[PDB]
Every structure is written in C-alpha cells, then in structure tokens.
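Visitor: If you scroll down you'll find the structure; I have some questions about it.
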Amino acid sequence: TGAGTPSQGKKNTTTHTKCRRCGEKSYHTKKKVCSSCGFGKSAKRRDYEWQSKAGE
Amino acid sequence: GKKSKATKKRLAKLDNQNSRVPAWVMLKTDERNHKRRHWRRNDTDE
Amino acid sequence: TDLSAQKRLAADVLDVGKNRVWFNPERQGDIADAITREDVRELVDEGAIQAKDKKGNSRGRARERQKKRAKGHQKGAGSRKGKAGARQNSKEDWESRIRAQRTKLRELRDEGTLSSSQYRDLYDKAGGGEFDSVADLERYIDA
RNA sequence: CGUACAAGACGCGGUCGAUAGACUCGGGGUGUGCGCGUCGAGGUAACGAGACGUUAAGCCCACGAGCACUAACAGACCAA
RNA sequence: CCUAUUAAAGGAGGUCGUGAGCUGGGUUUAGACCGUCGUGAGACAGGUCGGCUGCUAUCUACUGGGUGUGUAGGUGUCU
RNA sequence: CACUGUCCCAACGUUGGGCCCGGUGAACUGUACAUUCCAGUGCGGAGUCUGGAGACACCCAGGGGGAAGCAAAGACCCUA
RNA sequence: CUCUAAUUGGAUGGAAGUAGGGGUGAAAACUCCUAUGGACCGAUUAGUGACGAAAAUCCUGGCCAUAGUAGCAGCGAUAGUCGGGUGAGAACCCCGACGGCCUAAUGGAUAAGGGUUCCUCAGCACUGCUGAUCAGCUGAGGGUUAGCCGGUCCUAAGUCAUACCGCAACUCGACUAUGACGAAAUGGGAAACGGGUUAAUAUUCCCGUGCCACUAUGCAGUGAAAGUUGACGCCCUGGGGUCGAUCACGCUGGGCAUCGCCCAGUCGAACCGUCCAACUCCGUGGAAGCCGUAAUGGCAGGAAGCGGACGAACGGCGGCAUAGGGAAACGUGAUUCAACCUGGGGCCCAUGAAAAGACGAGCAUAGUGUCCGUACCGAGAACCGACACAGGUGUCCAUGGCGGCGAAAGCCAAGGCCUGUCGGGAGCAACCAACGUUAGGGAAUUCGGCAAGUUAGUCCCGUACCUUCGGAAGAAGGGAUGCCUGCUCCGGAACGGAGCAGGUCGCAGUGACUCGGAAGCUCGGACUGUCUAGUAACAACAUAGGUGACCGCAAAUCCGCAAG
RNA sequence: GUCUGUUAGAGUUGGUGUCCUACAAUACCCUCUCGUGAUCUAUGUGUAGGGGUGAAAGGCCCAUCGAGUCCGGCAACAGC
RNA sequence: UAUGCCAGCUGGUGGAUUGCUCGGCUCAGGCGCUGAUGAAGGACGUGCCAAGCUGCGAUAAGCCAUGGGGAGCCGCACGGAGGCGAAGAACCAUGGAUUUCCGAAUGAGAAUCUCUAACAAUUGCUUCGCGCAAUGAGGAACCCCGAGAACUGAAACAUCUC
Ligand SMILES: [Cl-]
Ligand SMILES: [Mg+2]
Ligand SMILES: [Mg+2]
Ligand SMILES: [Mg+2]
Ligand SMILES: [Mg+2]
Ligand SMILES: [Mg+2]
Ligand SMILES: [Mg+2]
Ligand SMILES: [Mg+2]
Ligand SMILES: [Mg+2]
Ligand SMILES: [Mg+2]
Ligand SMILES: [Mg+2]
Ligand SMILES: [Mg+2]
Ligand SMILES: [Mg+2]
Ligand SMILES: [Mg+2]
Ligand SMILES: [Mg+2]
Ligand SMILES: [Mg+2]
Ligand SMILES: [Mg+2]
Ligand SMILES: [Mg+2]
Ligand code: NA
Ligand code: NA
Ligand code: NA
Ligand code: NA
Ligand code: NA
Ligand code: NA
Ligand SMILES: [Sr+2]
Ligand SMILES: [Sr+2]
Ligand SMILES: [Sr+2]
Ligand SMILES: [Sr+2]
Ligand SMILES: [Sr+2]
Ligand SMILES: [Sr+2]
Ligand SMILES: [Sr+2]
Ligand SMILES: [Sr+2]
Ligand SMILES: [Sr+2]
Ligand SMILES: [Sr+2]
Ligand SMILES: [Sr+2]
Ligand SMILES: [Sr+2]
Ligand SMILES: [Sr+2]
Ligand SMILES: [Sr+2]
Ligand SMILES: [Sr+2]
Ligand SMILES: [Sr+2]
Ligand SMILES: [Sr+2]
Ligand SMILES: [Sr+2]
Ligand SMILES: [Sr+2]
Ligand SMILES: [Sr+2]
Ligand SMILES: [Sr+2]
Ligand SMILES: [Sr+2]
Ligand SMILES: [Sr+2]
Ligand SMILES: [Sr+2]
Ligand SMILES: [Sr+2]
Ligand SMILES: [Sr+2]
Ligand SMILES: [Sr+2]
Ligand SMILES: [Sr+2]
Ligand SMILES: [Sr+2]
Ligand SMILES: [Sr+2]
Ligand SMILES: [Sr+2]
Ligand SMILES: [Sr+2]
C-alpha cells in the first residue's frame, strides 16, 4: 500500500479544533493543548523569539 | 459526526456569513464577497 | 415539464418502488401541477398515476425438478457437484440412525418383549455401531 | 454505385438506363421446421424421454439472372 | 566446442549500424549467502539468488496519398 | 509424459481506439535561420563552413533514421 | 537617469509620455516635425545617489508558435432506441413504450468526516470532460420538534489538575495522595410500540396504546442486607424456538391462453397476563449391571421409575384489537429453522475487564421529567487524496428465487440505475489494446515453455520411492457421469441421501458455468510465520529445539540531571 | 500456528501485460499466496527526534528518514 | 497568384511609460504602564434593508452630564425607504452608564458550553469566618537575574574565535 494517495483515504480523525482561548484552529482535542497559544499547557501565552528575525 | 451547541452556532454563523453583497451596497459605493465559501471546494475550521 | 418530484411523492403514497410508478403520458400537465401529496392521491384516484405490479420468479420448472428428485431421479453421478460427505452429513446421519435404534429398543422394553439386561446388551451393541439400521437390529433380535 | 478508397483521390451508371434495392427464379449453406397422426419402456390413469411419417423439409445467403415496381429525380453552375 | 544437412554453410564496416525498435540473460545501485582478506566498519577486476526500461514528433528523412502554381480551351493516345 | 500459434509462418475474425464530422480543448518544447544529400573541413561525431549533387509550393496519413532528439546543473570517475 | 540648492527658462496659443518621421554627433546621446495626450517640464553650475542590462536553468507580469493538436475509447458496469412533454433553443431535463445494467451491491440503514450539500420557487454569466431548459451550480425563501434514540451517568487502557518533591528555573520531571477527565456505529446502561401526517422532521408532531424514574398524598410495610445481577475466553455440540424460505390445501386479486399452469396477498406491535424445556435440588424407590447420550458419561457417598420445589426465550397462548392496515380475502397445517433462550463436552507454560446501576423490596392516584444532538451525503459527484480522482474509507442488512457443497459461478426478483456522462460518420484501411479460430509439424521459439494452453466437479477401482509412521496421496493409472419410465434401501421426514431394472438422444451429459496438468533428480531454508509503504518475498529475519553468560531480590539488566 | 476455497477479509509470484503530460506523485486486469490464528480489523490509548518503534529491510515515525517537520541561528562558509 | 516573409497603417490584446499619492521607510521631539473593581486577546451577537470593515454589547454604528459646536444629521458607502434636529441634533473634549460568553480565568467541568454557591491555588494578617488583603496574566522594545549552542574565523583543527 502506497504512502501517498492510498494512505490519505484513511484520514478522518479530528485533532486540531477551534481554541476557546485564542480562536485559532489549533486546540488538539486529543491532547487538549493549543499548539498556537499553548492553552491547556501554559497559563502564559505561547511566545517565542524565533517567530521573528533576531534583530526584529 | 455530532455537533455541540457551540459548534452549531459557529457553523450557523459561517452559513449566514456566506452571502451575496447586498444589491444596494453596490449602488451606494458606485460599483464581491471575498469570504464567499463553498461546502465542497473550501474547508471551514474545526 | 419535469415530473421527478411527483414520482418520488407517488412512490411514497402508492408505497412501491419508485421504478414502478406509472404516469399517464397524456396527463403530464396535470401531474406537473400536482404540488402536494393530496394532489397526488387525487390523481391516483383518477388513475392518472398507477403502480405496475412487482414480479415473482416462477417456481413451476423448479417444482417439476423437485418431484423427479424426490422420486430419486436426476441425481446420478453426472449431477452431483458436492463431495459425498457434503451431500449428506455423516455425523448427522448417525444421530438419525442411532436415535432410531435406541427408540426402537425403548419401545421393545416397555412392551415387555425385552428384559432389562437384554435391552442393555443390545443398547450397548447399538452404541458400538453393531446395527446398520432399525431393520438390521430387528433381524438380529430375532436371534 | 463500386473493378477504388483512412481525408482527398480513382472507376462506373444516371430513363438514349439494369446503377442500387424490393420480388421471382437460379446457384449456394445447414440438415429434415411448427403443428398433427402413429409408435413408445412403462404406468389404473394422468403422464411419457424419444422414434417414424408429413419433410431432398424449415430457416438462411455479402452471388448470378430476370425484371423499370421503387430509387438514379428535379436541377444549378463554371467554361477559351 | 559439438551434431546432422549443404553448392558453400567466408570474413569485415555502418556510434564494436540498429533500446525516442524490441529483449533484459551478462555487466553495474539499494536485500542476502559462500570463499578469501580485514581487529572492525567493510572489501573482492571471485562465485551466487533477487532486483525498474519515461516522452502526445516541431524540424529533417523516407514510404504512400492529396491540393495548388508553372509549362499555357478540352478529350483521347503516346514519347 | 501430456498440450499448445512459443516457433516453422503466418491468416481470417471480434470488441475498443485509430481515420472523417460537430462540440470541448491542454501540455512537452522554442538563440536564430532552416528543402536536403554525398564528401571534405573544423575542438578529431556539421541542416547552417567548403566543393559538388539535388531541390516548384503547400497539405493528409505513417513507422520513428537524424537533429551526438526531449526529460533531470552525471548518481560512475577524479578534484574540494 | 533621480532628487537638492543657486542662477535662469518653457507650458492649456497645449507640459511629460507614447507612435511615425526630419536634422546633428565617431559615439553614449542631443534636437525638431506630425499625430496622440491633457498637466506639468527643463537648462547652466555645485551637489546627491536604491544611476544605465541581452545574458545569471536570473525574477514577476504579459504573449506567440506548439494546435483547432493530445484527452473527452480501453476497467467484466459496451446502453440505449421510437414516440411525446416543456422550451427562444433539446442526443444527453421530464413522460411512455421497447431494450438493457447492478444482487455483500449500483439495493436498505448508519460511524467518522463534510456543513446546509437537504425542500420549494425562479434562473443559466460561473461550476459540469460536449449541450442543457438540468444540477451537489446561481438568486430567494423554507426545513431538523423526544421523560422512554443517542448524549448526558459508569468505569477501561490511559490523561490532566491540585498537593508533595526535583530542577538555576519553568509552560519541564517520575512516584505517592486527592479530584477530575477518558467509550455518540462498537464496553456497562431505568423506560416506546403500531399507525397517520409534510415539499423538507418524525420510537421526537398527531392518533391509539404502553412503560420507566423521582416526588407528593393515601393504604400496606417494618423487613433492608446477606445474596443475586451488572459480568465476560477459544473450539465442538444437543435441546427449545421466531423471522425467512419451501411443501400441502382453502379464500381474495392478477396474468396467460392449444395445454392448465404461473404470480401476488391472505396482515396485526410494544406492553399486560400466563405456559416451561434445560440446570440445580427434595421425597419416594432400592439397581450389586442396570440408566443415559450426538459425544462424554451416571450410580448403595443411592441408578431407573414415581411425585415435588426452583426455574427460559426478542418464543407459544389470551388480551392489547367493533386499535391499526388492506381494493379484497383478512388462512390452517407442516418441514428446515437466522434471531433469541437453555444445556453438555474439550483446551490453556494463554485464564479471557471495571465501575455506576439493578434485583433483593407492595399497590392507588397525582405531579414532574429540564439541558444537548436530530436536515442531507456516507461515496466510480456531498468524506481524505489540489478534481464531480477507476485510489482510499468503519459497521449491519450472511436466510429473496433457480442453482450447487456453498455467503461460489451463471441467470432472475424486491430495490436502484441507463451519470463507472460527449456525440455523429466510414464492412470501418495501416497500426495498437484486449480477445476468438487456425491445416501439418509439436518447444524446433526463448537465458528460461516467458505468454498461452493442457488438466479439472463427483463416484467407483487403483496407487511407487521415501518416511520423523503423521505423511507421501487427489501420487500415478483406469472406469463412470444426461434424459425418461417404474422402483429399492437409510431416515420421523425433507422440496434429504445411497442405489436397481428397463427405455432412449447427441460429435460431446461436471455438455454452459464452476472446475488440479502429472512424474523424477539436485540445491536451500526444517515447518506456519516476518520484510525493504513506492524496482528485492528470498537462501534474508522470526521460530520451537540446543548452548553459554549474569544475578539470592537492599540482586542481575536497563531509563532519569534529579526527585524517581 | 492442518488441507481446498476470489465466503468475508488479508496479501501480491509472474505477465518484466495496460498505464507511464495516468483514473492514480504507486492506479487497472489476469494469474498467484494467506484465509481458527505468531490471523485480520475499527475506535480509543501510549512511546518523539541522536529519541522512539523495528520477527532487522537502515524498515517506519503524515508523498519527507544512514537522524522527521517548522521557524530561528542565517544574508553559514566555499580556494568551485 | 495560393501557403508565406519584412516593414507600416486602422483596430485589438497587454499594462510598460509619463503624470498623480489616501501607503510606506527613516530621523527627531514628547510621553509611557495595564490586570481578580476580571486586563490584553478571542468568540458570538448588534443596523429598516447589512456580506466585509469600523464601532458597540441584550441600554448593543449606541444611553447620560458639563463645556465646545452648529443647521444640519443618520460611519467606511455617491442606494431606496423612513427618521432625527431650534425641547439646539450631528460632531469634538472631559466625566459617567451599560459592558453577553471564552480568556490569568479563580465553585466543578468543557474545542467559547454545561453542572450544583464558590478569592481555585499559594500566602500574609487574622474577630481563625476567604472576615481583610496579596500573587497570577498582558505590554513594541528597552532593563535586571539565571541556562546557554553551532554554523563561522584560525584558509584543516582540538585551546582560542563566532
Ligand atoms: Cl447434551
Ligand atoms: Mg465422523
Ligand atoms: Mg553497438
Ligand atoms: Mg536508436
Ligand atoms: Mg529506451
Ligand atoms: Mg516513446
Ligand atoms: Mg546658471
Ligand atoms: Mg532596467
Ligand atoms: Mg502535431
Ligand atoms: Mg427522511
Ligand atoms: Mg464522475
Ligand atoms: Mg536457438
Ligand atoms: Mg424407511
Ligand atoms: Mg548446482
Ligand atoms: Mg522458509
Ligand atoms: Mg518494494
Ligand atoms: Mg532458543
Ligand atoms: Mg575554520
Ligand atoms: Na469541505
Ligand atoms: Na553509442
Ligand atoms: Na450526458
Ligand atoms: Na438457496
Ligand atoms: Na505615551
Ligand atoms: Na480565611
Ligand atoms: Sr481512520
Ligand atoms: Sr497541562
Ligand atoms: Sr517564552
Ligand atoms: Sr474534496
Ligand atoms: Sr538484467
Ligand atoms: Sr515563377
Ligand atoms: Sr505517429
Ligand atoms: Sr540598479
Ligand atoms: Sr495558447
Ligand atoms: Sr462510450
Ligand atoms: Sr484505460
Ligand atoms: Sr445560453
Ligand atoms: Sr437535490
Ligand atoms: Sr465521563
Ligand atoms: Sr452503547
Ligand atoms: Sr470471536
Ligand atoms: Sr433445532
Ligand atoms: Sr435521518
Ligand atoms: Sr469506492
Ligand atoms: Sr427490478
Ligand atoms: Sr455532462
Ligand atoms: Sr468456426
Ligand atoms: Sr525448450
Ligand atoms: Sr532449445
Ligand atoms: Sr480420471
Ligand atoms: Sr508490508
Ligand atoms: Sr490454516
Ligand atoms: Sr519482475
Ligand atoms: Sr495476459
Ligand atoms: Sr507506474
Ligand atoms: Sr487456502
Ligand atoms: Sr536561514
């Protein structure tokens, strides 16, 4: 069985969903953690300096 | 699938949001819904 | 005129497969104006809308064959497709036979024809497959 | 319409006509039709695989002949 | 190399003609074994089993078929 | 051993394409020029240079000889 | 070439730019004329630079040839045709007839996922492999109704939060406590059936009938928690038994018309009541060889027989029902029996969940039963795969008829469809795909019998070497096979099976379909099993078996910075 | 961890067939192997990047694997 | 002369060019904290007709007061209908009202909803009662305290360097 098209047909699982805290469709309903703002993981908001160029 | 009351409100909004730009707004602005969506061609969140 | 909607409604009111409703070729206009189920029933009453009959396969030919075979015909070597044990389940056949032998022996005992120990002796012989059938058993019993 | 042919081309006939089809003969292919009658191992009977006769039958033909019945009509145009 | 026939069963060139013609047995990836070598990873101008063959032809080339112009109304036959 | 179109050696037929017509309608590829052929020459593997030969233009179909055809800045080899 | 400054000019009596054209300069370039344009533009000097392009498989945008070319054929699903309707327009939108296609699916119901794709009206610029009046498209409206179907409640592997401790530290980290979270088809679970109704909902609305829980009141009751249930693996199997299917006869209706056959229907729930086989047990009885099974088995530690207690169905029976449904009749018996119920046996170096809950624990009447989901698709067009993709995608309908061993083939119902959606022409050439048939020869072909073919179902006879005694073996080899008439045997019987005698047709009787070619020698790995998703299925990995090593548990081995 | 078997379902030996600007960035057809078990399968759940997972093929960890993906270091460095 | 080549003309296609600037880029000056009195952010509502943006929050392109302002107005947005304004509207300044749900998110739970009174959790004070208080999270960068690479340079490379 190929890894391409054949294996795409099996994809009907719901993981990432609208996040109650930031509104992005990044709340992983199985992990219960927003990969965007980190809701459900961090009381603080998910930030990272690499999300931008070093001198900016 | 099964939808929660909230998921329904959202889908509901996305449905109303999917409308024509009122005929009159085109006159008032002396001559497009850039967010127009299709159930098949597009994909909503969730 | 497009009568698809009506066909669907008529299939539900006449309650038959959609493919069996007949619409009179000369009354499309009227059927076309039919909007509600009531309109359809009305048209059903008039006969403009009807349901063709469902089919049922004939078993006449099968019946003839069923007789020939019940009479023991059409089962020669050239007609058999399944292995012998498949045409007649052996364990099943044995259950049939041994029960018929044990019953026989049971009637012959309460009937006084066989003493308890005579019955016992035959019963165990039966259980050991000493008799091919009820008739074979009786033959033996007649010493 | 084919002695020709993937388009195009090529060839033949067009009532001063057998060019194609229908029809009928001929020449062919199968192999003895439907129905009916008799026979048929048997079977009370019903029923009955099948045999014989009717039947060199029935069915069929990209071929030939006869035959203007149908269709090649009506008619338009170029041209030193 | 070998066998039977044969008049004879010659040799060579064409990108060792010919894979946008074929085949894919040998060679020469990724798997694996053996022998030898190597402390080892692994190797071998050794052996062995398995292991893929893309493309709608633009030009040119040729095989066949047409339409035009030239020679300059036509039919037929020729050279 | 058996069997056979694998072969001697090919033939006929079937279905879908192919071909013609309506409609729809891409891509690959493109320095330029380009009707070539035989020789030669040249960075020693030329439609384009030289010398000859041949060549009226355009179009249809074809199987792919050539364009060291198209496709991917060779993965072999060496070098860093 | 840009913009700045100073000096100095041009422009609506027409600036810049652009197009075509004239003149100058070796040249970079300068300048004029005409048209267009319709508002800005220079020169000199000194500065300022994101200052000059033919090239980078350079970037972005636009455009041509390619070309009216390829594709719109190939898949075991070849599908249409003649009339007519609507319309400005009809091969493909609709009606009818005729002709076909799908049968574990091309039919029915659903999970996930999608999200309005669902229904109606009005449309065809867009989407649609051609067209379109059609549509999953466009515009506008509308549609999802629950005490008893899910969720909700329970706990599963496991997850998180808090506390504790670690960490330089945390959004990080293991344990231990606590709490919570974790099952929508498909784990457990209080209770709903039948019919009617709409364009679209429906055990939800309506009609009829029923049921459960909690609470209130009244009567009863003092029992109330021991126990039972929830609650369970794999293999074989008996008994009860419904739907279905079939057989017999009757009734209602339909079809066919030389016959006298063929088809459909003959209905009716939940619930309430009641019946009880098996298992278990008790009384009686008194077997020292009897009782019993498909099989195992049982017994003086008390067999059979007889009586009794407990005790089953989604099952029988009565009610429900002068409910409902049907144009009508509005059956009765039988066989085989899915479901469902209840037993017996065998297996394990394997032992087949938990919790909430329920029963235990009465009856009346009344009140309450909120919240969330509910449309549609579920696929060769509604999901994922960029697509209206020949791929992928869970569950159940596994009992419709013939056939046969069969949930096989083939054919046909119920139901669905002609949308695996471009058509029209040419005996329709070459060539290609996928096939059919080929005389004689018969592997000569080829690396190699690759490809194709041969054989084939069932019964009888018969069967070598070798062997771990299991096997080898369907070895090989040989024979039979239909139909019709009348019968025999086994069985309670089958519309079950096994045979006999006579008759008889064909080239051919597993007549299609279904359906092994066989034998020997050698190499390898013992075997079933594993693997390179996408060029390797093998001799490679695994395996049981064999062996060696470490360790007495505050152990050996291993993870973590630590807490662990 | 038996046999035959397109029962369901799992797989894929050969055709080096069809396709190879595909229906499809792994598809189609026939043949073939497994089909009561170390079986197949749905959902839920766990293991995470020098780390998992692996009946071991450097196999697999979302078309990506002899060290995933994203962004950042970053305008890395190169004698090519 | 067909098919055709080169240049131009008329008309397309295309959007370069010139002109224009509601946007950027950079520099300078000023100013500078918000949040359990629930912020920032997000969701969903909210208009006569309303999809986007903006505003606002069930009092929902707004309500109140004071001052300004002024004959007009009903946002972007040039429509239609209708309405408001001399009871001084619109508009502006300041102050106040209202301010759904999720969100540090704090009664428990949850993909923005649900379930049966709540400073959850950790603290200080303590009338030992959550009675009174505190912390939490946000912010363009700046700042302080900790953890801390590698590519790179050295023409290799390990200290060093980055
Ligand atoms: Cl039993
Ligand atoms: Mg037996
Ligand atoms: Mg060569
Ligand atoms: Mg070649
Ligand atoms: Mg090639
Ligand atoms: Mg090719
Ligand atoms: Mg000056
Ligand atoms: Mg430039
Ligand atoms: Mg071409
Ligand atoms: Mg419905
Ligand atoms: Mg389709
Ligand atoms: Mg040879
Ligand atoms: Mg008998
Ligand atoms: Mg050898
Ligand atoms: Mg093996
Ligand atoms: Mg592979
Ligand atoms: Mg071992
Ligand atoms: Mg260095
Ligand atoms: Na979608
Ligand atoms: Na070569
Ligand atoms: Na069509
Ligand atoms: Na059957
Ligand atoms: Na400030
Ligand atoms: Na306190
Ligand atoms: Sr899935
Ligand atoms: Sr967390
Ligand atoms: Sr951070
Ligand atoms: Sr899609
Ligand atoms: Sr090869
Ligand atoms: Sr001339
Ligand atoms: Sr060709
Ligand atoms: Sr520049
Ligand atoms: Sr083009
Ligand atoms: Sr077709
Ligand atoms: Sr095909
Ligand atoms: Sr039109
Ligand atoms: Sr529809
Ligand atoms: Sr729960
Ligand atoms: Sr359930
Ligand atoms: Sr099972
Ligand atoms: Sr039974
Ligand atoms: Sr439904
Ligand atoms: Sr499918
Ligand atoms: Sr049918
Ligand atoms: Sr179509
Ligand atoms: Sr023949
Ligand atoms: Sr050979
Ligand atoms: Sr040979
Ligand atoms: Sr034989
Ligand atoms: Sr695999
Ligand atoms: Sr097996
Ligand atoms: Sr191969
Ligand atoms: Sr083949
Ligand atoms: Sr391929
Ligand atoms: Sr098998
Ligand atoms: Sr970078």
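Here Swiss-Prot sets the residue numbers for chain A, with the shown residues being 2-57 in order.
So how was this one determined? The header says X-ray crystallography, 2.7 Å.
From the backbone N, Cα and C atoms, a Cβ is placed for every residue, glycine too.
Below, the features straight out of Swiss-Prot:
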- A:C20, A:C23, A:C35, A:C38: Zn(2+) binding site (BINDING)
- A:20-38: zinc finger (ZN_FING)
Visitor: For A:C23 (Zn(2+) binding site), which residues in the same chain are close in space, meaning a Cβ under 8 Å from its Cβ, but six or more apart along the sequence?
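Guide: Residues satisfying the criterion: A:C35, A:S37, A:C38, A:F40.
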Visitor: Residues near the Zn(2+) site, A:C20, A:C23, A:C35, A:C38 excluded, by Cβ within 8 Å of the Cβ center?
Guide: A:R21, A:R22, A:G24, A:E25, A:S27, A:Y28, A:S37, A:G39, A:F40, A:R47
Visitor: Determine how many residues of the zinc finger (A:20-38) DSSP places in helix, in strand and in coil.
Guide: 0 helix, 6 strand, 13 coil
Visitor: Just counting, how many other CB atoms are there within 10 A of the CB of A:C38 (Zn(2+) binding site)?
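Guide: Its Cβ shell of radius 10 Å holds 20 other Cβ atoms.
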Visitor: Taking the Cβ of A:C20 (Zn(2+) binding site) as the reference point, list residues of the same chain whose Cβ is under 8 angstroms away and which are at least six residues distant in sequence.
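Guide: For A:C20 (Zn(2+) binding site), the qualifying residues are A:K26, A:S27, A:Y28, A:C35, A:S37, A:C38, A:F40.
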